[PDB]
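Worksheet for the structure shown next.
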Amino acid sequence: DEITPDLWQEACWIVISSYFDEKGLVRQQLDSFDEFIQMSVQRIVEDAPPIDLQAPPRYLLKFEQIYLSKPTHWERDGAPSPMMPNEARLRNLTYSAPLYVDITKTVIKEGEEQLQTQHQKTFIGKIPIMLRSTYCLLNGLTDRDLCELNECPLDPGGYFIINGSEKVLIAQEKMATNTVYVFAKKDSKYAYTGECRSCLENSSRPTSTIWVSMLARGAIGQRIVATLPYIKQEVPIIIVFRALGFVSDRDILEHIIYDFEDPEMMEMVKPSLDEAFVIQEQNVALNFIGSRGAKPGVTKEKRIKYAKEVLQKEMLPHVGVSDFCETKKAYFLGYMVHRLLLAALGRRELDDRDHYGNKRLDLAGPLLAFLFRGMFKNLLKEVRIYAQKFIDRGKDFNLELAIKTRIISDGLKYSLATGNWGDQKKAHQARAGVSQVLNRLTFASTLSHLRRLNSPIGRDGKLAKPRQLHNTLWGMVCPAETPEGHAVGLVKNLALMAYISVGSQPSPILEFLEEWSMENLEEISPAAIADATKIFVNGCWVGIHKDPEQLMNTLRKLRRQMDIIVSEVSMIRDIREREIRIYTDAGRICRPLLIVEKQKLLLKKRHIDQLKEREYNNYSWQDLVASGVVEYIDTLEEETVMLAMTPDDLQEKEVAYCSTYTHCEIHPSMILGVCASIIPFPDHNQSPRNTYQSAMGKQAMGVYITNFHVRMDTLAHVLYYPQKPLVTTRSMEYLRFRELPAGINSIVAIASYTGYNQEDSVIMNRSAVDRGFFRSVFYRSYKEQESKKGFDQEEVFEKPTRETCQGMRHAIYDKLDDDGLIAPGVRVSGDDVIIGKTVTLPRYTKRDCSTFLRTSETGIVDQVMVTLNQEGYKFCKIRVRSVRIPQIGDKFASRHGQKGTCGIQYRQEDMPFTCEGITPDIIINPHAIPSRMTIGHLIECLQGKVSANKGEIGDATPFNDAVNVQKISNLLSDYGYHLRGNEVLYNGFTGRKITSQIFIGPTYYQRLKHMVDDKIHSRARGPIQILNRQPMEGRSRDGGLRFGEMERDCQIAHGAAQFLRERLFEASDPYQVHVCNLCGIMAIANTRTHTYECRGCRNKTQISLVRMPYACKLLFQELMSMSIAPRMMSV
Amino acid sequence: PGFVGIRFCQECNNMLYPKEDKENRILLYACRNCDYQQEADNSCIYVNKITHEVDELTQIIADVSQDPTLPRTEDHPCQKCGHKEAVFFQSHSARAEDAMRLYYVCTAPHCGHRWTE
Amino acid sequence: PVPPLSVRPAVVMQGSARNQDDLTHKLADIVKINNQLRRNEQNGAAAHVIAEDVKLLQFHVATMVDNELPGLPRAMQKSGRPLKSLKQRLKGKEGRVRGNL
Amino acid sequence: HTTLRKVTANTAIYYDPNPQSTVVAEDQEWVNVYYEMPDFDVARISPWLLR
Ligand SMILES: [Zn+2]
Ligand SMILES: [Zn+2]
Ligand SMILES: [Zn+2]
């Protein structure tokens, strides 16, 4: 029955494999989008108010149902055919499906003359579709079906195709809503502040933040204030309580202080009462609120109405926005004050801003919902204006012409295309970085980009606290994978078994709590709240309970049985403070864990047995979760959980550590993400090395996707001979690194050989490189289109001619065909022409606008595709193919942060060799190891020697006590090798033995995208910028290198004044001006007629020539634009 | 000394503020909303414990013994019920510097005795 | 003072559409409101109308030489991007002095 | 620097109408040892005490 330790390493990984058979790696994206389409769009459409318009006749126009068909593309002819994602990629279409809404317009004029007209399936917009979602044409297709459609079966999906560009929505971090968080700002007028970003269940407005603060000590005592929304002045809490109908101080403290035996709380609230005694009735308090507001009505009536509306709608919407909710709002605001007092009295800890239990991940669904709310509101507005301008004339109108569908369509398309998350007009208030271009450089880069999280703290911020690896990231975020540049700690990555909750309605839970012995908050007396336990659901205090323990037992039983409580519902019992917080909302990152009985796992051997035959008896992960054996625990419920790292922790020990565990890790290696799960032996490296590899696995070459032959990507690198690593971890089985690997096993020798590998460089074998070692192919796609925008000027693909075309370069166009497009198989060098495009003029009647190769490439045309774009003019894509043979300067890396460029390449006779004539493919310098402490590199090399000599794949899973260095060495000594991986090598040049026995063996190396040929650049008098006549910027522009301020300072320190003048004047922008010797302002010179005159001074004899930079002339002219007179006085 | 609690009027249920009656030279607690008055019984109006000599045993609740994440010990039996097992934990409360002190709670149900060594 | 064409070059795009500089668009606004104010003072206009026109002219000139005025709205252009005034042309890094001199 | 708070244990306000019979019982010894001779203006005394 029990899984014994000897079977555990199989059982756990069997369980893990079942998880990845059920979910995958992009499950969060697909589930978010599916919830958005199934629920969020319908909720948004129904939550909009019916637009009642009347001059008389009236019309309501109620939207009642939505229909999202499959993605479809319509041609000029109008025939209807399904649009496949690959066709969208090739034709630069948007993989979107039409959204139709049912509309009901009832005519009501008078005399009960009512009649309803329903417009079924009114086309309301187009919604882009996430690939492999339920509403994707690739849904449920087999691998054969996907290959029939020219799709990769290993492609995870989880992205959109907007204008042929694959866009991926990055999950955005945000502070959780409807939760009270008591912080303390050191530099502020308030000692403690308790904030609550409140938002109603079905979002319709932004988060309304309410603060309840305490004024810092230094009138008599500490005063509690409340910064309500839409009010620009602090308001005492007692005033707010009275404005809600609680005038008696006893009632207010009944709502705030639940234990009247506690004078400390009492004296700390007393200043607030003493400050609010002149106001003692609800109307006067409402008048005070309205007066403190930023729109103080001259008459107290409208002041009181405004205060009523604010306190009913903007104050704590999550508690309830309807009327008669003042009791719930009063209880909740009293809870906020109670929490603030507990913090000020030291009875509760301040809340941690960085705790991921306090955060939420805004995924594709809830982000598209924000867009859709804004866009549907704008659409209903436009419909209101259109219908108003017609009914004002007293006649009917056609809603089909009122609905301008471009709002929703173009809005979603623009937002996903650019990443600016918001309305196109508010292009600066909008937050960019959402919806990035999917990284297709290697399969690991694609997976990681699809599992990418973002902390929008702002890269400019230099506070390290949000960048720090918090304790609560354990199991939810990769500890290693993070960019090492300016976004350290802000851009994160999901751990492998991390699941972001999609969201759920609290209705069944609330109904069960009602049927259960919970007492509502309006029905109780406050005297009961002392000993009772509060119950919050999605932040709303809904009631109280008397035995929280058996309530938690009941709820956990219900969630483990897949009863009314779904698996993703978090249920935290804080014991010391008697809250029970239940969460069903979306964005809660959680992970699966094995539940533990008294001191035993519930995962018995029968579950492993049924999981082994997963493909026959359809016993899956969901059956494991439904059995009550596995549980999803979120960051906030982990605080109440006692984990076992392994079932070995559940053994009874000579001194028991815990003996009351509640859960167990499925495997600790699941704390790593996609790119860190490729590192072998990451627990033997320094952690920065693991981070650098997690970044560098994403630039590694491989086969980024199986269907690369049909993709017209702008840039693509494919390795000739990708190999799976000889030394692998058990997590790559689910990353599909074995099916799409990104490196080669290289016989690497760590040695000092000729000095060409010093300081992070490598010596490669020229003979190996000749045999296809780390050879790659580079595919570059050029796009072009001939626009017939108007009869004024039209472009067209056609072989240009020297007699008709004007802007025709001296490059030869013979490689083009009569259609103007080069043919595949044609070898093209730099500056060559691949598309001959000519544009009609207003060298006559047509000018050359041909597409050249990006300079200095020298490839062969791989293929040419011609089609029609969305509007329907001819559209061409040409993929050119360039074989990249590794060379000096190309960057290579192992899986341990050990990067370096090729210093030199030696032939096989020049490389050092073992007694059996094995030469290293790569030689790396021993000095790269000691400071870096990448012992995982050495253990991987030794394990790889054992694996190659044994005919297996080494197990480098991080935390594995069945694999240590002594075992690997003992294994290697059985194959006739030195047990530590050393060998006697001979000098290739002289054949003499090397005195020091070299450490050599197979290690998995990666070829990175950074090849020297894509970086080398030179300039000598090339093109210049228009504004300031200085060299351009970039290799692509043939630009010059920037001689910056620091270079100026260095050369000033050198004392090199002529070199400094050469760099900053003569090699950048030499120029001449003519200055009036009297006024010092630039004069008018006419060198052809030799007439120089200053219009200002009315002189034409006292002019002087001045040699100045063009940028300085431009500066002085831009100062004269500002009415400044910079007078260059030559005397 | 001990703290002093707030007391409310019997008519308007607002807090009673302190006042002095010169005629009898006696402390009274009177409401500044209604016209109620009361004869005080403590004679102390304000108390500040600067030292903050708070007995944290009063802040503990027996329910904490149900926490699976707290450590348990068999070495400190309960003086009230004789149960062997007991959870222990530190103060973890602000304004307490010498907070390495351990507080124990009996894990027996319905006993919930709390103490300190 | 309206600068010359070198300070605000009209760059030609791939086709024939000549795109004007931000300074040129701003000067267009300034000349528009200046002519509008000139006619409104010359012909029938209310005092408050002339006042509004003068206020708008002030806004245009100020945002031509300095666009980041606190409180005031930023001078806008097509695509919703604020215009680059003479001050941002040389305010700091990547300006004339640090970025080109 | 040492303020009275750094060395103070606890402050309290009492309503002591006559110092001869104090509100507290343990402070009756030294208060009478101080009051049996008139050191200050006993008439200019307020019943509010700050111990
Ligand atoms: Zn002059
Ligand atoms: Zn009263
Ligand atoms: Zn006990």
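Starting from 1 in every chain, residues are counted up; chains themselves are A, B, ... following the order of the structure tokens, and ligands are numbered from 1 as listed.
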Within 7 Å of ligand 2 (only C-alpha atoms and all ligand atoms), residues as a list in words: residues 8, 9, 10, 11, 12, 13, 14, 15, 16, 30, 31, 32, 33, 34, 35 and 36 of chain B
Output of the above residues as a PDB file, in the first residue's frame, restricted to N, CA, C and O atoms:
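Below is the file result09.pdb, written as the result:
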ATOM      1  N   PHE B   8     -19.755  54.918  28.724  1.00  0.00           N
ATOM      2  CA  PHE B   8     -20.687  55.607  27.848  1.00  0.00           C
ATOM      3  C   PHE B   8     -21.898  56.091  28.630  1.00  0.00           C
ATOM      4  O   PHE B   8     -22.228  55.556  29.693  1.00  0.00           O
ATOM      5  N   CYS B   9     -22.558  57.111  28.090  1.00  0.00           N
ATOM      6  CA  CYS B   9     -23.777  57.611  28.700  1.00  0.00           C
ATOM      7  C   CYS B   9     -24.862  56.540  28.664  1.00  0.00           C
ATOM      8  O   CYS B   9     -24.851  55.633  27.829  1.00  0.00           O
ATOM      9  N   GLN B  10     -25.810  56.660  29.587  1.00  0.00           N
ATOM     10  CA  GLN B  10     -26.938  55.744  29.644  1.00  0.00           C
ATOM     11  C   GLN B  10     -28.105  56.186  28.771  1.00  0.00           C
ATOM     12  O   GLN B  10     -29.043  55.404  28.580  1.00  0.00           O
ATOM     13  N   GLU B  11     -28.067  57.406  28.235  1.00  0.00           N
ATOM     14  CA  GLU B  11     -29.131  57.937  27.392  1.00  0.00           C
ATOM     15  C   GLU B  11     -28.734  58.009  25.925  1.00  0.00           C
ATOM     16  O   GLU B  11     -29.425  57.447  25.071  1.00  0.00           O
ATOM     17  N   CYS B  12     -27.630  58.685  25.606  1.00  0.00           N
ATOM     18  CA  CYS B  12     -27.193  58.869  24.228  1.00  0.00           C
ATOM     19  C   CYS B  12     -26.150  57.850  23.791  1.00  0.00           C
ATOM     20  O   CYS B  12     -25.799  57.816  22.609  1.00  0.00           O
ATOM     21  N   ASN B  13     -25.653  57.020  24.706  1.00  0.00           N
ATOM     22  CA  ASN B  13     -24.635  56.004  24.407  1.00  0.00           C
ATOM     23  C   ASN B  13     -23.391  56.632  23.774  1.00  0.00           C
ATOM     24  O   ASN B  13     -22.687  55.992  22.990  1.00  0.00           O
ATOM     25  N   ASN B  14     -23.107  57.888  24.109  1.00  0.00           N
ATOM     26  CA  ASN B  14     -21.830  58.503  23.787  1.00  0.00           C
ATOM     27  C   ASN B  14     -20.888  58.353  24.973  1.00  0.00           C
ATOM     28  O   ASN B  14     -21.304  58.084  26.099  1.00  0.00           O
ATOM     29  N   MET B  15     -19.598  58.543  24.713  1.00  0.00           N
ATOM     30  CA  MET B  15     -18.606  58.354  25.759  1.00  0.00           C
ATOM     31  C   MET B  15     -18.730  59.440  26.816  1.00  0.00           C
ATOM     32  O   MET B  15     -19.000  60.604  26.507  1.00  0.00           O
ATOM     33  N   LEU B  16     -18.527  59.054  28.071  1.00  0.00           N
ATOM     34  CA  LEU B  16     -18.543  59.993  29.180  1.00  0.00           C
ATOM     35  C   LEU B  16     -17.150  60.579  29.356  1.00  0.00           C
ATOM     36  O   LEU B  16     -16.164  59.841  29.438  1.00  0.00           O
ATOM     37  N   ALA B  30     -19.334  62.854  32.848  1.00  0.00           N
ATOM     38  CA  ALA B  30     -20.479  63.522  32.249  1.00  0.00           C
ATOM     39  C   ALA B  30     -20.396  63.488  30.729  1.00  0.00           C
ATOM     40  O   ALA B  30     -19.311  63.548  30.147  1.00  0.00           O
ATOM     41  N   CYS B  31     -21.565  63.417  30.097  1.00  0.00           N
ATOM     42  CA  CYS B  31     -21.673  63.393  28.646  1.00  0.00           C
ATOM     43  C   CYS B  31     -21.773  64.813  28.106  1.00  0.00           C
ATOM     44  O   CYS B  31     -22.592  65.605  28.584  1.00  0.00           O
ATOM     45  N   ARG B  32     -20.945  65.134  27.113  1.00  0.00           N
ATOM     46  CA  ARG B  32     -21.025  66.432  26.457  1.00  0.00           C
ATOM     47  C   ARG B  32     -22.005  66.448  25.287  1.00  0.00           C
ATOM     48  O   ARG B  32     -22.025  67.422  24.529  1.00  0.00           O
ATOM     49  N   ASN B  33     -22.813  65.397  25.119  1.00  0.00           N
ATOM     50  CA  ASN B  33     -23.909  65.394  24.159  1.00  0.00           C
ATOM     51  C   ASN B  33     -25.251  65.545  24.874  1.00  0.00           C
ATOM     52  O   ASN B  33     -26.003  66.480  24.585  1.00  0.00           O
ATOM     53  N   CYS B  34     -25.564  64.646  25.802  1.00  0.00           N
ATOM     54  CA  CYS B  34     -26.731  64.775  26.659  1.00  0.00           C
ATOM     55  C   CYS B  34     -26.312  65.465  27.957  1.00  0.00           C
ATOM     56  O   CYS B  34     -25.211  66.014  28.063  1.00  0.00           O
ATOM     57  N   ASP B  35     -27.189  65.444  28.957  1.00  0.00           N
ATOM     58  CA  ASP B  35     -26.943  66.053  30.255  1.00  0.00           C
ATOM     59  C   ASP B  35     -26.884  65.000  31.361  1.00  0.00           C
ATOM     60  O   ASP B  35     -27.431  65.183  32.448  1.00  0.00           O
ATOM     61  N   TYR B  36     -26.224  63.881  31.079  1.00  0.00           N
ATOM     62  CA  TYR B  36     -26.055  62.809  32.048  1.00  0.00           C
ATOM     63  C   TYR B  36     -24.766  63.004  32.838  1.00  0.00           C
ATOM     64  O   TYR B  36     -23.783  63.557  32.339  1.00  0.00           O
TER      65      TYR B  36
END
Name the residues in contact with residue 19 (chain B) at a cut-off of 8 Å, using only C-alpha atoms, excluding same-chain residues fewer than 6 positions from it; report them as a PyMOL selection string. chain B and resi 27-30
Given only C-alpha atoms and all ligand atoms, how would the per-residue table for chain B near ligand 3 read, listing every residue at most 7 Å away with its closest atom pair and distance in Å to one decimal, sorted by chain and number, as a tab-separated table?
residue	atom	partner	partner_atom_place_in_ligand_line	distance
B:78	CA	ligand 3	1 (Zn)	4.5
B:79	CA	ligand 3	1 (Zn)	6.6
B:80	CA	ligand 3	1 (Zn)	5.2
B:81	CA	ligand 3	1 (Zn)	4.4
B:82	CA	ligand 3	1 (Zn)	6.2
B:83	CA	ligand 3	1 (Zn)	5.6
B:106	CA	ligand 3	1 (Zn)	4.1
B:107	CA	ligand 3	1 (Zn)	6.6
B:108	CA	ligand 3	1 (Zn)	5.6
B:111	CA	ligand 3	1 (Zn)	4.8
B:112	CA	ligand 3	1 (Zn)	5.5
B:113	CA	ligand 3	1 (Zn)	4.6
Given the selection you just returned, output its residues as a file containing C-alpha atoms, formatted as a PDB file, in the first residue's frame.
ATOM      1  CA  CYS B  78       0.835  21.023  31.491  1.00  0.00           C
ATOM      2  CA  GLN B  79       0.357  22.110  35.097  1.00  0.00           C
ATOM      3  CA  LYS B  80      -3.436  22.354  34.720  1.00  0.00           C
ATOM      4  CA  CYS B  81      -4.242  19.035  32.998  1.00  0.00           C
ATOM      5  CA  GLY B  82      -1.061  16.933  32.944  1.00  0.00           C
ATOM      6  CA  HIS B  83      -0.955  16.535  29.166  1.00  0.00           C
ATOM      7  CA  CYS B 106      -1.272  22.739  26.128  1.00  0.00           C
ATOM      8  CA  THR B 107      -2.457  20.754  23.111  1.00  0.00           C
ATOM      9  CA  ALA B 108      -5.115  18.859  25.053  1.00  0.00           C
ATOM     10  CA  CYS B 111      -7.792  22.601  28.379  1.00  0.00           C
ATOM     11  CA  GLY B 112      -5.878  25.241  26.431  1.00  0.00           C
ATOM     12  CA  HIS B 113      -3.697  26.204  29.374  1.00  0.00           C
TER      13      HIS B 113
END
Residues of chain A within 6 Å of chain C, only C-alpha atoms counted, as a PDB file with N, CA, C and O atoms, in the first residue's frame:
ATOM      1  N   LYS A 425      -5.658  56.294 -28.149  1.00  0.00           N
ATOM      2  CA  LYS A 425      -5.483  57.730 -27.969  1.00  0.00           C
ATOM      3  C   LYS A 425      -4.608  58.025 -26.760  1.00  0.00           C
ATOM      4  O   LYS A 425      -3.750  58.914 -26.808  1.00  0.00           O
ATOM      5  N   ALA A 427      -1.920  56.930 -25.565  1.00  0.00           N
ATOM      6  CA  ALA A 427      -0.719  56.167 -25.881  1.00  0.00           C
ATOM      7  C   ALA A 427       0.432  56.429 -24.917  1.00  0.00           C
ATOM      8  O   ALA A 427       1.464  55.757 -25.023  1.00  0.00           O
ATOM      9  N   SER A1121      15.934  80.293 -31.841  1.00  0.00           N
ATOM     10  CA  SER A1121      14.511  79.972 -31.866  1.00  0.00           C
ATOM     11  C   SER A1121      13.847  80.299 -30.535  1.00  0.00           C
ATOM     12  O   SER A1121      12.641  80.563 -30.491  1.00  0.00           O
TER      13      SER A1121
END
Within 12 Å of chain B: residues of chain D, using only C-alpha atoms, as a PyMOL selection string: chain D and resi 4-18+22-26+46-51
Given a cut-off of 6 Å, which residues of chain A touch chain B, counting only C-alpha atoms, written out as a ChimeraX atom specification? /A:248-250,263,346,575-576,642,660
Residues within 9 Å of ligand 1 should be enumerated using only C-alpha atoms and all ligand atoms and returned as a list in words.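 After applying the 9 Å limit, what remains is residues 1075, 1076, 1077, 1078, 1079, 1080, 1081, 1082, 1083, 1093, 1094, 1095, 1096, 1097, 1098, 1099, 1100, 1102 and 1103 of chain A.
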List the neighbours of region 461-467 of chain A out to 7 Å using only C-alpha atoms; skip same-chain residues closer than 6 positions along the sequence, and give me the result as an MDAnalysis selection string. chainID A and resid 354 488:490
Mind pulling up the distance from CA of residue 157 (chain A) to CA of residue 704 (chain A)? 13.6 Å
